[PDB]
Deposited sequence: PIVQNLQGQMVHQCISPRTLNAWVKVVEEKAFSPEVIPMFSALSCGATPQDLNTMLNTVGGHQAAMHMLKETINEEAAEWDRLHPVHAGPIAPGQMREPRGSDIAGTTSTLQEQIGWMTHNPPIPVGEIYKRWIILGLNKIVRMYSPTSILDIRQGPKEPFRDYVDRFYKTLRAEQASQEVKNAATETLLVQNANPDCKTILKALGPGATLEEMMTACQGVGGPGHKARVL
């Protein structure tokens, strides 16, 4: 990543073995659960496009998703080229192309040059926004259960039902559907509460 040293200047740092292993492990354990996306964003703090491509390529398996990611990246790369239509002088920064932001036609020194410019061209943050966009579309598609099928069981604790409800809702990307899909006993209690009840009040009443 590009990180500021202990003297106030932005310099390049090698991606750490702890960072590399943490990203690989979370994909192995959680696949494309919704909480994997913020983990990717945190673990790629200050990452260059090269670092972002590194993280994606260390993922073995889920290659269907990785190809969807490339398609989303190319869509965003093509949009950037339509919003930013371009001899380049000696020793002198060039504007980046979509494929430059994606790290495919640009060198690390070029990415360092853009990201540390004054003002900086944050090709890493632009690329990361493309990746998260594509990652979120994967999260929705891999969500196994629709919110319409999350209904509280006749003996299911309300707490467990709300857990499944909003876990599903988070991947699908509320309060009245949560009441409608509650079981008959709790749904009866939740209507007596009236409108405007908080989740805390609702869960307390069906305890």
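Residues 87-89, 177-185, 220-231 of the deposited sequence, counted from 1, carry no C-alpha coordinates in the model.
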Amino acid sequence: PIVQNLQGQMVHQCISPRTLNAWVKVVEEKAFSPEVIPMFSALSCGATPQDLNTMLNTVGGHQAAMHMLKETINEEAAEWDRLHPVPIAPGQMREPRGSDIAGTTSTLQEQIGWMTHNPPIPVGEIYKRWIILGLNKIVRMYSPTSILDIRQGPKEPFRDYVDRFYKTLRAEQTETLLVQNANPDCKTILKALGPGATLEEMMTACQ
From here on, numbers count along this sequence of modelled residues.
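Mean CA B-factor, 88-96 versus 121-129: the higher value falls on 88-96. If you average the C-alpha B-factors over 175-183 and over 27-35, the higher value belongs to 175-183. Ranked within its chain, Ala22 lands in the lowest third, by CA B factor from the PDB record. Ranked by Cα temperature factor within the chain, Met141 sits in the highest third according to the deposited record. In the deposited entry, the Cα temperature factor of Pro157 places it in the middle third of its chain's modelled residues. Annotation for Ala77: C-alpha temperature factor in the lowest third relative to the rest of the modelled chain, per the entry. Compared with the other modelled residues of the chain, the Cα B-factor recorded for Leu135 ranks in the lowest third.
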